[PDB]
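Source file: final_17.cif; contents: mmCIF, C-alpha atoms and all ligand atoms.
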```cif
data_structure
#
loop_
_atom_site.label_atom_id
_atom_site.label_comp_id
_atom_site.auth_asym_id
_atom_site.auth_seq_id
_atom_site.Cartn_x
_atom_site.Cartn_y
_atom_site.Cartn_z
CA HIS A 140 29.11 141.29 100.60
CA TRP A 141 31.99 143.66 99.91
CA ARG A 142 34.94 142.67 97.74
CA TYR A 143 38.47 143.89 97.04
CA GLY A 144 38.70 146.06 93.93
CA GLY A 145 36.24 147.81 91.65
CA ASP A 146 33.68 148.93 91.09
CA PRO A 147 31.78 149.27 93.09
CA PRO A 148 33.09 151.84 95.56
CA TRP A 149 33.03 150.89 99.25
CA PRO A 150 31.20 154.00 100.51
CA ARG A 151 28.06 153.18 98.50
CA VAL A 152 27.28 150.37 100.96
CA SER A 153 29.45 151.47 103.92
CA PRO A 154 29.47 155.29 104.14
CA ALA A 155 32.09 155.47 106.92
CA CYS A 156 34.63 154.19 104.39
CA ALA A 157 34.63 157.75 103.00
CA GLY A 158 35.83 159.19 106.33
CA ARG A 159 38.73 161.61 106.46
CA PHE A 160 41.11 159.48 108.56
CA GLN A 161 41.26 156.12 106.82
CA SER A 162 43.89 153.40 106.49
CA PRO A 163 46.18 152.19 104.99
CA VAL A 164 48.51 155.10 104.14
CA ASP A 165 51.78 155.73 102.34
CA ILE A 166 54.56 156.27 104.89
CA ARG A 167 57.27 158.78 103.97
CA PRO A 168 59.94 158.32 106.65
CA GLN A 169 61.83 161.59 106.03
CA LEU A 170 58.58 163.49 106.76
CA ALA A 171 57.44 161.53 109.82
CA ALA A 172 57.63 163.39 113.11
CA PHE A 173 60.39 161.97 115.31
CA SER A 174 58.79 161.22 118.68
CA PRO A 175 61.19 160.04 121.42
CA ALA A 176 58.17 159.31 123.64
CA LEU A 177 57.55 156.21 121.48
CA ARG A 178 59.38 153.49 123.41
CA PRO A 179 59.96 149.84 122.47
CA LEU A 180 56.79 147.79 122.16
CA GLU A 181 56.06 145.39 125.02
CA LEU A 182 54.35 142.05 124.48
CA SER A 183 53.52 139.35 126.98
CA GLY A 184 51.86 135.96 126.67
CA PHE A 185 52.53 135.63 122.94
CA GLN A 186 54.61 132.44 123.36
CA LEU A 187 51.75 129.93 123.34
CA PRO A 188 51.93 126.27 124.38
CA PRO A 189 50.89 123.61 121.84
CA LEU A 190 47.47 123.14 123.49
CA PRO A 191 44.90 124.42 123.26
CA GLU A 192 44.80 124.74 119.47
CA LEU A 193 43.78 127.92 117.64
CA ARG A 194 41.08 128.45 115.01
CA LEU A 195 42.35 129.22 111.49
CA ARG A 196 39.71 130.22 108.94
CA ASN A 197 39.39 131.30 105.31
CA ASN A 198 36.75 134.03 105.54
CA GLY A 199 36.86 134.82 101.81
CA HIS A 200 38.80 138.06 102.40
CA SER A 201 41.89 136.73 104.25
CA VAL A 202 43.09 133.86 106.40
CA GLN A 203 42.42 134.73 110.05
CA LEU A 204 43.90 133.11 113.17
CA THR A 205 41.90 133.55 116.39
CA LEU A 206 44.14 134.30 119.36
CA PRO A 207 43.39 132.98 122.87
CA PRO A 208 42.83 135.22 125.90
CA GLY A 209 45.90 136.48 127.70
CA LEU A 210 48.07 138.15 125.03
CA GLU A 211 48.97 141.65 126.22
CA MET A 212 50.50 144.47 124.21
CA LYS A 213 51.57 147.89 125.47
CA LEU A 214 52.14 150.89 123.23
CA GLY A 215 52.97 153.20 126.15
CA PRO A 216 51.51 154.65 129.34
CA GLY A 217 47.73 154.49 129.24
CA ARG A 218 47.81 152.41 126.04
CA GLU A 219 47.43 148.72 126.93
CA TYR A 220 45.73 146.15 124.70
CA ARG A 221 44.64 142.51 124.47
CA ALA A 222 45.25 140.63 121.21
CA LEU A 223 42.21 139.25 119.38
CA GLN A 224 43.23 137.85 116.00
CA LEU A 225 45.73 138.13 113.20
CA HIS A 226 45.31 137.97 109.43
CA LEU A 227 47.28 138.68 106.25
CA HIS A 228 47.14 140.76 103.05
CA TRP A 229 48.95 139.68 99.90
CA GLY A 230 49.20 140.02 96.14
CA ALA A 231 49.74 137.45 93.38
CA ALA A 232 52.47 135.96 91.20
CA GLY A 233 54.88 138.79 90.46
CA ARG A 234 52.68 141.40 92.16
CA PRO A 235 53.06 142.72 95.73
CA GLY A 236 50.12 143.11 98.06
CA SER A 237 50.98 144.90 101.29
CA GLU A 238 48.46 147.51 102.46
CA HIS A 239 50.84 150.15 103.75
CA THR A 240 53.53 151.44 101.41
CA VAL A 241 56.83 153.19 102.14
CA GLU A 242 57.66 156.00 99.69
CA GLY A 243 55.23 154.34 97.29
CA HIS A 244 56.97 150.97 97.61
CA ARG A 245 54.60 148.02 98.08
CA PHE A 246 55.97 144.95 99.86
CA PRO A 247 55.01 141.35 99.02
CA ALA A 248 52.54 140.95 101.92
CA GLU A 249 51.57 142.31 105.33
CA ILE A 250 50.50 140.81 108.69
CA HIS A 251 47.97 142.57 110.95
CA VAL A 252 47.62 141.68 114.64
CA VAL A 253 44.38 143.27 115.89
CA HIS A 254 44.03 144.24 119.57
CA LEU A 255 41.31 145.59 121.89
CA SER A 256 42.02 148.34 124.42
CA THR A 257 41.86 147.09 128.01
CA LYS A 258 39.44 149.97 128.60
CA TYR A 259 36.69 147.97 126.90
CA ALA A 260 35.39 144.41 127.26
CA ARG A 261 33.96 143.84 123.78
CA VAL A 262 35.08 144.82 120.27
CA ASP A 263 31.67 146.35 119.55
CA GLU A 264 32.17 148.84 122.39
CA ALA A 265 35.55 149.92 121.00
CA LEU A 266 34.68 150.44 117.32
CA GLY A 267 35.02 154.07 116.31
CA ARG A 268 36.41 155.24 119.63
CA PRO A 269 39.88 156.88 119.61
CA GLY A 270 42.38 154.23 120.66
CA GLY A 271 39.72 151.55 121.14
CA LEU A 272 41.50 149.18 118.73
CA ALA A 273 45.20 148.93 117.94
CA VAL A 274 46.82 147.03 115.07
CA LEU A 275 50.44 145.90 114.83
CA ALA A 276 51.45 145.71 111.16
CA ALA A 277 54.59 144.22 109.64
CA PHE A 278 55.71 143.78 106.04
CA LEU A 279 56.57 140.31 104.69
CA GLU A 280 59.49 140.18 102.26
CA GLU A 281 61.26 137.48 100.30
CA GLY A 282 64.35 136.02 101.93
CA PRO A 283 66.51 133.06 100.94
CA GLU A 284 65.30 130.41 103.41
CA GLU A 285 62.12 129.04 104.95
CA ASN A 286 60.63 130.93 107.90
CA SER A 287 59.86 128.16 110.39
CA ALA A 288 57.25 130.11 112.38
CA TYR A 289 55.22 131.01 109.29
CA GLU A 290 55.43 127.43 108.01
CA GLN A 291 53.26 126.31 110.94
CA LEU A 292 50.44 128.37 109.41
CA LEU A 293 51.23 128.22 105.70
CA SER A 294 51.28 124.41 105.69
CA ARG A 295 47.63 124.50 106.84
CA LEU A 296 46.24 126.72 104.06
CA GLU A 297 45.50 123.84 101.66
CA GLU A 298 42.98 122.32 104.05
CA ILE A 299 41.13 125.67 104.23
CA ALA A 300 41.34 126.44 100.50
CA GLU A 301 37.57 126.83 100.11
CA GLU A 302 35.90 130.05 101.22
CA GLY A 303 34.32 129.64 104.63
CA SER A 304 36.34 126.59 105.64
CA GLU A 305 38.19 126.32 108.94
CA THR A 306 40.75 124.17 110.74
CA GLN A 307 42.65 124.02 114.04
CA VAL A 308 46.38 124.62 114.49
CA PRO A 309 48.71 123.97 117.46
CA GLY A 310 49.69 126.90 119.62
CA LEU A 311 52.85 128.66 118.47
CA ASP A 312 55.01 131.67 119.32
CA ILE A 313 52.92 134.47 117.85
CA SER A 314 55.78 136.92 118.43
CA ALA A 315 57.93 134.85 116.05
CA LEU A 316 55.59 136.00 113.26
CA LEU A 317 56.66 139.61 113.94
CA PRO A 318 59.95 141.47 113.43
CA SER A 319 62.64 141.19 116.08
CA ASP A 320 63.18 144.98 116.28
CA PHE A 321 60.48 146.34 118.61
CA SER A 322 62.12 149.79 118.87
CA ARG A 323 61.76 151.16 115.31
CA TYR A 324 58.22 151.77 114.09
CA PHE A 325 55.78 154.33 112.72
CA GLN A 326 52.49 155.17 114.40
CA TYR A 327 49.37 157.05 113.31
CA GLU A 328 45.59 157.11 113.86
CA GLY A 329 43.43 155.57 111.14
CA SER A 330 40.71 153.05 110.49
CA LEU A 331 39.89 149.43 109.90
CA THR A 332 40.92 148.66 106.32
CA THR A 333 37.74 146.70 105.54
CA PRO A 334 34.11 147.78 105.93
CA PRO A 335 32.75 149.26 108.14
CA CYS A 336 36.05 151.23 108.08
CA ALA A 337 35.62 152.40 111.68
CA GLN A 338 38.01 155.19 112.67
CA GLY A 339 39.99 155.66 115.87
CA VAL A 340 42.37 152.73 115.28
CA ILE A 341 45.97 153.18 116.41
CA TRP A 342 48.24 151.74 113.71
CA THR A 343 51.82 150.74 114.49
CA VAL A 344 53.92 149.73 111.47
CA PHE A 345 57.28 148.08 112.16
CA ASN A 346 60.21 149.45 110.17
CA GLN A 347 61.90 146.04 110.05
CA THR A 348 60.31 143.40 107.83
CA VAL A 349 59.92 139.64 108.26
CA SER A 350 61.41 137.30 105.64
CA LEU A 351 59.63 134.35 104.01
CA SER A 352 60.95 132.11 101.26
CA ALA A 353 59.73 132.52 97.69
CA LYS A 354 57.86 129.22 98.04
CA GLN A 355 56.16 130.42 101.24
CA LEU A 356 55.04 133.67 99.60
CA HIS A 357 53.62 131.63 96.70
CA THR A 358 51.80 129.35 99.16
CA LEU A 359 50.23 132.36 100.85
CA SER A 360 49.05 134.01 97.63
CA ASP A 361 48.06 130.96 95.55
CA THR A 362 46.26 128.55 97.89
CA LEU A 363 43.03 130.18 99.02
CA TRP A 364 39.77 130.86 97.20
CA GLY A 365 37.34 133.71 97.78
CA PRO A 366 33.70 134.44 96.95
CA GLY A 367 32.23 132.84 93.88
CA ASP A 368 35.23 130.94 92.59
CA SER A 369 37.76 133.73 92.32
CA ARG A 370 41.21 133.19 93.76
CA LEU A 371 41.82 134.97 97.06
CA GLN A 372 44.50 137.35 95.76
CA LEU A 373 45.28 141.08 95.80
CA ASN A 374 43.33 141.37 99.06
CA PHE A 375 44.52 144.86 100.00
CA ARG A 376 42.85 148.26 100.14
CA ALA A 377 44.39 151.19 98.26
CA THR A 378 46.25 153.77 100.33
CA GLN A 379 44.22 156.68 101.64
CA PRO A 380 45.02 160.41 101.92
CA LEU A 381 46.58 161.55 105.19
CA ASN A 382 44.36 164.67 105.24
CA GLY A 383 46.73 166.53 107.56
CA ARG A 384 47.50 163.62 109.89
CA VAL A 385 51.09 163.35 111.05
CA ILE A 386 52.78 159.96 111.10
CA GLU A 387 55.14 159.61 114.06
CA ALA A 388 58.43 157.71 114.00
CA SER A 389 59.99 156.14 117.09
CA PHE A 390 63.50 156.54 115.64
CA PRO A 391 65.51 158.91 113.41
CA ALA A 392 65.01 157.83 109.79
CA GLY A 393 66.90 159.33 107.88
CA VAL A 394 69.71 159.96 105.35
CA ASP A 395 69.81 157.96 102.09
ZN ZN P 401 44.11 143.79 107.93
#
```

Render the structure in this file as structure tokens.
Amino acid sequence: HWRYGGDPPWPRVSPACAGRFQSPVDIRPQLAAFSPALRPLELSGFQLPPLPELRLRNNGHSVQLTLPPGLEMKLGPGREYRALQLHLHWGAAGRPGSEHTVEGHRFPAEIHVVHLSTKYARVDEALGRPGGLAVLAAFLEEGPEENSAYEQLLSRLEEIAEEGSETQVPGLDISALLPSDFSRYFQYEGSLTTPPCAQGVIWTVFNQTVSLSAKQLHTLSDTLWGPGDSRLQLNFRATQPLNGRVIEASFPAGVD
């Protein structure tokens, strides 16, 4: 069972993790290719009613929320997706833990919403195929006040503190966990960021962050336990070389 960090490498057990087009990456906005074909993201069905409830589980590597059928996400013509699940990556006290970085800057945490192309019917069919999976990624930053949407999930972490434990949470507005600016993002082709590291994943990284209180960020990083009896912390993969890939930007960066 793979773990975050070390020692031992990931490719010893999962060779595809040594592929050339892996995620996450460092984003350098002044060097991204401006692409006016990248239009605002379109989501539908993300505002869920309270019932039915959704599964929330500590899998030892993250906390993962299973999404119900019917959430649709469109990256552009020919690029339509159904949402499957979301999960988080974080650091520890006084240490950030986002997966993507911007000019080498690491943010406190990161949310990933994983989607399946409408071209397939099962995740296993889509693994490794160009565009088969798409992930929406947003950075979580510290703001002054409590984020009410995130509190619906963060208040439930204590009951799933032990690795492998699960609970049920009321339906909520999944789009309220994401930034409000759907027009400004970066996009590139990469991989799953855990084994088996399958390539072909379309990554979309919002430029705008979401704000959580200091207490909420502490709740996220300090509540859960992983394998053995190590704290579930620093659960992010190191950034990977672009190897000639171009990151596109849906907007002009771009001055400083
Ligand atoms: Zn992830």

**Prompt:** Using only C-alpha atoms and all ligand atoms, what are the residues with an atom within 7 Å of ligand ZN 401 (chain P), set out as number ranges by chain?
**Reply:** A: 226-228, 251, 332

**Prompt:** Can you tell me, as a ChimeraX atom specification, which residues sit within 8 Å of (53.7, 142.5, 102.5) in the file's frame, using all atoms listed in the file?
**Reply:** /A:228-229,235-238,245-250,277-280

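Shortest separation to residue A:288 among A:153, A:326, A:350, A:174 occurs at residue A:350, atoms counted being only C-alpha atoms.
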
Sorted by chain and rising residue number, list the residues of stretch 343-391 of chain A at most 9 Å from stretch 156-159 of chain A (counting only C-alpha atoms), each with its closest atom pair and distance in Å to one decimal, as a tab-separated table.
```
residue	atom	partner	partner_atom	distance
A:379	CA	A:159	CA	8.8
A:380	CA	A:159	CA	7.8
A:381	CA	A:159	CA	8.0
A:382	CA	A:159	CA	6.5
```

**Message:** Tell me which residues come within 8 Å of (61.0, 149.2, 117.9), as number ranges by chain, counting all atoms listed in the file in the file's coordinates.
**Reply:** A: 178-180, 320-324, 345-346, 389

**Minimum-distance residue to residue A:334, chosen among A:354, A:261, A:376, A:196 (using only C-alpha atoms)** =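 Once distances to residue A:334 are computed over only C-alpha atoms, the minimum belongs to A:376.
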
**Item:** Nearest to residue A:287, chosen from A:351, A:266, A:172, A:252, with all atoms listed in the file counted in the distances
**Value:**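 For residue A:287, the nearest of the given residues is A:351.
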
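We find atom CA of residue A:304 and atom CA of residue A:197 to be spaced 5.6 Å apart.
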
**Asked** Using all atoms listed in the file, which of A:171, A:294, A:218, A:313 sits nearest residue A:183?
**Response** A:313

**Message:** So that I can check the surroundings of stretch 201-217 of chain A, please list as a PyMOL selection string every protein, DNA and RNA residue that reaches within 9 Å of it, counting only C-alpha atoms and ignoring chain neighbours fewer than 6 positions away.
**Reply:** chain A and resi 176-187+191+193-195+223-229+254+273+292+296+299+308+313+343+363+365+371-372+374

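Nearest residue to residue A:231, choosing from A:361, A:219, A:368, A:328 and counting only C-alpha atoms: A:361.
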
**Prompt:** In Å, how far is it from atom CA of residue A:276 to atom CA of residue A:342?
**Reply:**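 Atom CA of residue A:342 lies 7.3 Å from atom CA of residue A:276.
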
**Complete:** Computed gap from atom CA of residue A:338 to atom CA of residue A:141 is 18.2 Å

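Non-sequential neighbours of residue A:169 (distance at most 8 Å, separation of 2 or more positions within a chain, only C-alpha atoms) are residues 167, 171, 392 and 393 of chain A.
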
**Item:** Residues near residue A:329, cut-off 7 Å, only C-alpha atoms, skip fewer than 3 positions along chain, as a PyMOL selection string
**Value:** chain A and resi 160-162+338-342

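Nearest to residue A:175 of all the residues A:388, A:300, A:265, A:232 is A:388, based on all atoms listed in the file.
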
Please output stretch 325-359 of chain A, rebuilt to include N, CA and C atoms, as a short mmCIF file (atom, residue, chain, number, x, y, z; two decimals), in the coordinates of the input.
```
data_model
loop_
_atom_site.label_atom_id
_atom_site.label_comp_id
_atom_site.auth_asym_id
_atom_site.auth_seq_id
_atom_site.Cartn_x
_atom_site.Cartn_y
_atom_site.Cartn_z
N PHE A 325 56.59 153.16 113.00
CA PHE A 325 55.78 154.33 112.72
C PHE A 325 54.41 154.14 113.36
N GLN A 326 53.76 155.25 113.71
CA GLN A 326 52.49 155.17 114.40
C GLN A 326 51.60 156.32 113.95
N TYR A 327 50.33 156.02 113.71
CA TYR A 327 49.37 157.05 113.31
C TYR A 327 47.97 156.55 113.64
N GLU A 328 46.99 157.45 113.58
CA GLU A 328 45.59 157.11 113.86
C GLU A 328 44.83 156.99 112.55
N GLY A 329 44.15 155.86 112.38
CA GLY A 329 43.43 155.57 111.14
C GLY A 329 42.20 154.75 111.39
N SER A 330 41.97 153.77 110.52
CA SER A 330 40.71 153.05 110.49
C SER A 330 40.95 151.56 110.26
N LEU A 331 39.91 150.77 110.47
CA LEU A 331 39.89 149.43 109.90
C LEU A 331 40.03 149.55 108.39
N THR A 332 40.72 148.59 107.76
CA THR A 332 40.92 148.66 106.32
C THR A 332 39.93 147.81 105.54
N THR A 333 38.88 147.33 106.19
CA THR A 333 37.74 146.70 105.54
C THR A 333 36.48 147.36 106.09
N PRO A 334 35.36 147.27 105.38
CA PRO A 334 34.11 147.78 105.93
C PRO A 334 33.86 147.16 107.29
N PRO A 335 33.33 147.92 108.26
CA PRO A 335 32.75 149.26 108.14
C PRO A 335 33.74 150.42 108.26
N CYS A 336 35.04 150.16 108.17
CA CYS A 336 36.05 151.23 108.08
C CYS A 336 36.03 152.15 109.30
N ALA A 337 35.77 151.58 110.48
CA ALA A 337 35.62 152.40 111.68
C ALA A 337 36.92 153.11 112.03
N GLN A 338 36.83 154.40 112.36
CA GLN A 338 38.01 155.19 112.67
C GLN A 338 38.41 155.04 114.14
N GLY A 339 39.47 155.73 114.52
CA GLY A 339 39.99 155.66 115.87
C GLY A 339 41.01 154.58 116.13
N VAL A 340 41.45 153.86 115.10
CA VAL A 340 42.37 152.73 115.28
C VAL A 340 43.81 153.25 115.34
N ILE A 341 44.56 152.82 116.34
CA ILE A 341 45.97 153.18 116.41
C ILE A 341 46.76 152.15 115.63
N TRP A 342 47.42 152.59 114.56
CA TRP A 342 48.24 151.74 113.71
C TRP A 342 49.70 151.89 114.07
N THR A 343 50.38 150.77 114.27
CA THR A 343 51.82 150.74 114.49
C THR A 343 52.43 149.85 113.43
N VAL A 344 53.32 150.41 112.62
CA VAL A 344 53.92 149.73 111.47
C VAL A 344 55.41 149.58 111.76
N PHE A 345 55.87 148.34 111.93
CA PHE A 345 57.28 148.08 112.16
C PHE A 345 58.11 148.56 110.97
N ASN A 346 59.29 149.12 111.26
CA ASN A 346 60.21 149.45 110.17
C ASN A 346 60.88 148.20 109.62
N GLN A 347 61.26 147.28 110.48
CA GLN A 347 61.90 146.04 110.05
C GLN A 347 60.85 145.10 109.51
N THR A 348 61.20 144.38 108.45
CA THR A 348 60.31 143.40 107.83
C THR A 348 60.58 142.01 108.40
N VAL A 349 59.72 141.06 108.02
CA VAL A 349 59.92 139.64 108.26
C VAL A 349 60.15 138.97 106.91
N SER A 350 61.02 137.96 106.88
CA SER A 350 61.41 137.30 105.64
C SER A 350 60.79 135.92 105.54
N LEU A 351 60.17 135.64 104.39
CA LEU A 351 59.63 134.35 104.01
C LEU A 351 60.32 133.91 102.72
N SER A 352 60.38 132.59 102.50
CA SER A 352 60.95 132.11 101.26
C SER A 352 60.01 132.41 100.10
N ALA A 353 60.56 132.34 98.88
CA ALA A 353 59.73 132.52 97.69
C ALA A 353 58.59 131.51 97.67
N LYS A 354 58.89 130.25 98.00
CA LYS A 354 57.86 129.22 98.04
C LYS A 354 56.77 129.55 99.05
N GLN A 355 57.15 130.07 100.23
CA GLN A 355 56.16 130.42 101.24
C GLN A 355 55.27 131.56 100.77
N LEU A 356 55.85 132.57 100.13
CA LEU A 356 55.04 133.67 99.60
C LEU A 356 54.07 133.18 98.53
N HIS A 357 54.51 132.23 97.69
CA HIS A 357 53.62 131.63 96.70
C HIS A 357 52.50 130.84 97.37
N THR A 358 52.83 130.09 98.42
CA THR A 358 51.80 129.35 99.16
C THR A 358 50.74 130.29 99.70
N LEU A 359 51.17 131.41 100.27
CA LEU A 359 50.23 132.36 100.85
C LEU A 359 49.30 132.94 99.79
#
```
